[PDB]
Amino acid sequence: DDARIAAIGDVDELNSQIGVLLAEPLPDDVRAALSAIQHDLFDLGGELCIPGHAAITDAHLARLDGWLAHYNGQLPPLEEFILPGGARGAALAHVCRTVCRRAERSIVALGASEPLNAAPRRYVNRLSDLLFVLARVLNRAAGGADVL
Amino acid sequence: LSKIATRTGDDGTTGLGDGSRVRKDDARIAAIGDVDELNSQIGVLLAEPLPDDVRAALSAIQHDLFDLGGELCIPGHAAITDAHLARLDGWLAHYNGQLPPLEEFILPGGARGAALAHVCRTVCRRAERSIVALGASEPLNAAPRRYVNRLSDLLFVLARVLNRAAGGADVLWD
Amino acid sequence: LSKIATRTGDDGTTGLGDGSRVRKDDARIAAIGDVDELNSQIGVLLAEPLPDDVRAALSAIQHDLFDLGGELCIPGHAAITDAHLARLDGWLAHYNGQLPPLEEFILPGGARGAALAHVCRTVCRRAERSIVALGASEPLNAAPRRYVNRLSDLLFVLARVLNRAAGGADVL
Ligand SMILES: Nc1ncnc2c1ncn2[C@@H]1O[C@H](COP(=O)(O)OP(=O)(O)OP(=O)(O)O)[C@@H](O)[C@H]1O
Ligand SMILES: Nc1ncnc2c1ncn2[C@@H]1O[C@H](COP(=O)(O)OP(=O)(O)OP(=O)(O)O)[C@@H](O)[C@H]1O
Ligand SMILES: [Mg+2]
Ligand SMILES: [Mg+2]
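Residues numbered from 1 in each chain as written, not as in the entry; some residues may be left out. Chains lettered and ligands numbered in written order. Heavy atoms only, no water.

Header annotation of the entry names X-ray crystallography as the structure determination method and lists the resolution as 1.800 Å.

Chain B is annotated in the PDB entry as ATP:cob(I)alamin adenosyltransferase, putative from Burkholderia thailandensis. Its PDB record names the entry "Crystal structure of a pduO-type ATP:cobalamin adenosyltransferase from Burkholderia thailandensis". Quoted verbatim from the Sequence similarities (unreviewed entry) heading of the UniProt record, the comment on chain B is "Belongs to the Cob(I)alamin adenosyltransferase family." Taken directly from UniProt, the Catalytic activity (unreviewed entry) text for chain B runs: "2 cob(II)alamin + AH2 + 2 ATP = 2 adenosylcob(III)alamin + 2 triphosphate + A + 2 H(+)". (UniProt positions renumbered as here; feature names shortened; annotations may be inferred.)

If you look chain A up in the PDB entry, it shows as ATP:cob(I)alamin adenosyltransferase, putative from Burkholderia thailandensis. Taken directly from UniProt, the Subunit (unreviewed entry) text for chain A runs: "Homotrimer." You can read under Catalytic activity (unreviewed entry) in the UniProt record for chain A the words "2 cob(II)alamin + AH2 + 2 ATP = 2 adenosylcob(III)alamin + 2 triphosphate + A + 2 H(+)".

A. Examining the site of ligand 2 more closely. The environment of ligand 2 is formed by 13 residues, the closest being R129(B), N149(B), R7(C), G9(C) and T14(C). Taken together, the residues near ligand 2 originate from chains B and C. Here an oxygen atom of ligand 2 and a side-chain polar atom of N149(B) are 2.8 Å apart. Between ligand 2 and the protein, one listed contact pairs an oxygen atom with a backbone N or O atom of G9(C) at 2.8 Å. Across the complex, the protein chains shield 76% of the 590 Å² of accessible surface that ligand 2 would expose by itself. Elements represented by at least two residues in the shell around ligand 2 include exactly α4 (112-137) of chain B together with β1 (13-15) and α1 (27-45) of chain C. Partitioned by chemical class, the residues of the shell around ligand 2 number 1 nonpolar, 7 polar and 5 charged. (Near = heavy atom within 4 Å. Polar contact = N/O pair within 3.5 Å; in protein donor to acceptor, adjacent residues only side chain to side chain. Areas by Shrake-Rupley, 256 points an atom, 1.4 Å probe, with all protein chains shown as cover. Helix = DSSP H or I, 4+ residues; strand = E, 2+ residues; numbered from the N terminus. Nonpolar A, V, L, I, M, F, W, Y, C, P; charged D, E, K, R; others polar.)

B. Structural detail: the packing of helix α3 (residues 82-96) of chain C against helix α5 (residues 143-165) of chain C. Residue and element names in this part refer to chain C. Contact pair α3 / α5: the axes reach a minimum separation of 9 Å and the direction vectors enclose 20°. Here α5 runs roughly parallel to α3, going by the angle between their axes. Two packed elements cross with a definite hand, and for α3 against α5 that hand is left-handed. Along its contact with α3, which presents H84, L85, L88, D89, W91, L92, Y95 and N96, the element α5 presents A143, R146, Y147, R150, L151, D153, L154, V157, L158 and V161. Tallied by class, residues from the contact of α3 with α5 come to 12 nonpolar, 2 polar and 4 charged. (Axes fitted to C-alpha atoms, helices over the stretch in contact; angles between N-to-C directions. Parallel < 35°, antiparallel > 145°, perpendicular 65-115°, else oblique. Left-handed = near helix turned anticlockwise from the far one by under 90°. Contact = heavy atoms within 4.5 Å.)

C. Main features of the UniProt feature "binding site: Mg(2+)" (unreviewed entry) in chain B. Taking the numbering used here, the UniProt-annotated feature "binding site: Mg(2+)" (unreviewed entry) corresponds to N149(B) and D153(B). Within the secondary structure, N149(B) sits in helix α5 (residues 143-165). What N149(B) contacts, discounting residues up to four positions off in sequence, is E128(B), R7(C), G9(C), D10(C) and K24(C). At 3.3 Å, the side chain of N149(B) and the side chain of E128(B) are in polar contact. Turning to its location among the elements, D153(B) is positioned in helix α5. The class for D153(B) is partly exposed, based on a relative accessible area of 24%. Apart from residues no more than four positions distant in its own chain, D153(B) is found in contact with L92(B) and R7(C). (Buried < 20%, exposed > 50% of the residue type's maximum accessible area, 1.4 Å probe, protein only.)

D. The arrangement of the pattern of salt bridges in detail. Within this structure, the stated rule accounts for 40 salt bridges over all chains. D129(A) is the partner of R101(A) in a salt bridge, and the nearest nitrogen-oxygen pair spans 3.8 Å. Here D129(A) lies in helix α5 (residues 119-141) and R101(A) lies in helix α4 (residues 88-113), a separation of 28 residues in the sequence. In this structure, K24(B) and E104(A) form a salt bridge, with 2.8 Å as the shortest nitrogen-oxygen distance. With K24(B) in the loop between β2 (21-23) and α1 (27-45) and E104(A) in helix α4, this residue pair bridges two chains. What makes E104(A) buried here is its relative accessible area of 2%. One continuous salt-bridge network, built from bridges that share partners, spans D10(A), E13(A), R102(A), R105(A), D34(B), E37(B), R126(B), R129(B), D34(C), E37(C) and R126(C). (Salt bridge = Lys/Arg side-chain N within 4 Å of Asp/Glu carboxyl O.)

E. Representation of the interface of chain C and chain B within the structure. Contact residues are listed per partner, giving 32 residues for chain C and 35 residues for chain B. Summed over both sides, the interface of chain C with chain B buries roughly 2,700 Å², with 53% coming from carbon and sulfur. Broken down residue by residue, the surface that chain C buries against chain B is led by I4(C), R7(C) and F66(C), which jointly contribute 23%. On inspection of chain C and its partner chain B, the count reaches 8 salt bridges. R7(C) is the partner of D153(B) in a salt bridge, and the nearest nitrogen-oxygen pair spans 3.0 Å. In this structure, the connection of chain C to chain B is made through 20 residue pairs in polar contact. Elements that contribute at least two residues to the side of chain C that touches chain B include exactly α1, α2 (52-73) and α4 (112-137) of chain C. Looking at the side of chain C that touches chain B element by element, the count peaks at 11 residues for α1(C). The residue inventory of the side of chain C that touches chain B, partitioned by class, reads 7 nonpolar, 11 polar and 14 charged. (Buried area = accessible area lost by both parts, 1.4 Å probe.)

F. Molecular detail of the interface of chain B and chain A. At the interface, 30 residues of chain B touch 32 residues of chain A. Overall, the association of chain B and chain A removes approximately 2,500 Å² of surface from exposure, summing both partners, and the carbon and sulfur fraction of that is 52%. Here chain B is connected to chain A by 8 salt bridges. Where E37(B) meets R102(A), a salt bridge forms, and the shortest distance between an N and an O atom there is 2.9 Å. Here chain B and chain A share 17 residue pairs in polar contact between them. Put simply, the parts of the chain that give the side of chain B that touches chain A at least two residues each are α1 and α2 (52-73) of chain B. Ranked by the residues each element gives to the side of chain B that touches chain A, the list is headed by α1(B), at 11 residues. Across the side of chain B that touches chain A, the residue classes break down as 7 nonpolar, 11 polar and 12 charged.

Okay, here's the thing in structure tokens:
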């Protein structure tokens with residue numbers, strides 16, 4: 001039906017939102033991670049599209065896990081629920097976060113109607129969490145703080 | 001086969017505030033998501049220069065949206081009340097009263113802030129559709145629906161307010 | 001009983017231009033919404049500095065999209081014609097002949113304007129899916145789908161044009 005084409009489109013939309021975030025000033029490390037993720041998302045979309053073709057591996061998941069641990073250990077503990085916003089960069093990261101979750105919903109729907117490896121949903125599951133973390137990093141880097 | 005440790009929702013499911021689990025493509029999770037996406041777009045608008053009063057209203061709205069999402073997360077919970085709807089209706093009367101009557105149809109755009117407000121407006125209307133869809137398959141309070149109904153209207157109004165504030169005007173349709 | 005007055009759309013239903021009403025999650029309302037969201041994203045791109053011709057094309061497109069939303073609101077009515085499709089084809093030829101042959105795959109991004117154009121492109125394809133879905137349940141003129149299909153291609157080309165105009169470059 002529409003499941004595959006919809007999932008591909010949402011991943012594309014997410015990747016485009018990340019492109020907008022990349023047009024902003026960013027810490028060099030954050031920029032490097034986001035740029036690499038764009039390539040990952042391009043490959044992810046290809047896996048969703050072509051039958052019998054896989055591209056996302058444990059290595060991709062491991063790298064995301066590594067970035068999560070890294071950036072989180074670079075931030076103070078969460079003291080309260082956060083509202084999406086702050087420096088423009090942080091706000092955009094939150095938009096990316098929500099679009100990534102939207103793509104995850106579509107990927108989950110796709111896997112329910114067609115055989116699909118688990119890597120794609122596990123990738124965006126981690127990515128959503130990382131974008132949340134990166135938003136906090138960007139507020140920090142802007143000399144500001146998260147919106148509570 | 002995978003050597004990577006499993007994370008909470010790696011299996012495509014997630015939990016609700018009452019302890020129940022649902023698949024991530026569930027209508028309720030979709031509505032929660034659209035509300036979150038709307039709140040995030042408002043965060044982008046808040047990152048722009050804005051009149052103090054407009055910033056105050058939008059900031060308060062983010063809190064409302066956080067609670068609305070929380071209500072969608074905890075089935076049977078009620079965080080959105082008449083007070084919330086009354087405040088939106090008040091802001092609507094407040095800003096509309098200071099603007100000239102809407103003449104021709106307008107196109108979404110203008111000053112960057114007004115343009116962003118229009119994006120917020122459309123994402124808000126998208127959230128309204130998913131909230132309406134959730135309510136058609138699950139008993140839900142009407143407040144959430146009524147709240148976003150008013151919010152898209154207010155976002156439209158605030159877009160006009162922002163074009164004026166920038167010293168410009170609304171983009172008119174041919 | 002709520003102490004707040006009710007709006008006509010508070011019950012979750014809304015009206016169509018033909019006097020009928022449907023629930024807001026109806027396929028037709030979803031398509032109207034996505035076209036509106038796309039037009040709004042184009043509004044954000046129009047707030048960026050742009051080459052004069054690109055601004056003229058995008059501004060005209062906003063009027064087309066408003067018309068398209070109007071056609072979707074009035075079931076059966078026809079507002080978008082081949083004339084609109086032809087203009088898009090014209091712009092596609094014009095801007096493509098303004099760019100070097102694309103050799104490698106492109107990632108969405110670059111100068112802010114180009115990045116926004118790609119966001120517009122993805123939202124446009126989302127509206128196309130909604131319009132296509134509407135056709136699965138109701139008879140629908142072909143112009144609306146043909147228009148957004150062409151527009152998604154045009155937005156891709158305009159993104160490339162904007163990267164060059166901003167002294168930037170496409171992300172390979
Ligand atoms: N893809 C999604 N779209 C919208 N809302 C979501 C999505 N995934 C989770 N949520 C909601 O957000 C809350 C927490 O998000 P989180 O991503 O931590 O959940 P999870 O994916 O189940 O856990 P984990 O990240 O540890 O795998 C949950 O209460 C859930 O209702
Ligand atoms: N959530 C939505 N998404 C997309 N289109 C909508 C939505 N709600 C209404 N529309 C369409 O847009 C037009 C005007 O929107 P409006 O919000 O004024 O309608 P309503 O919600 O029925 O009325 P009210 O706002 O007074 O309750 C209507 O003709 C309707 O077809
Ligand atoms: Mg998760
Ligand atoms: Mg309404």
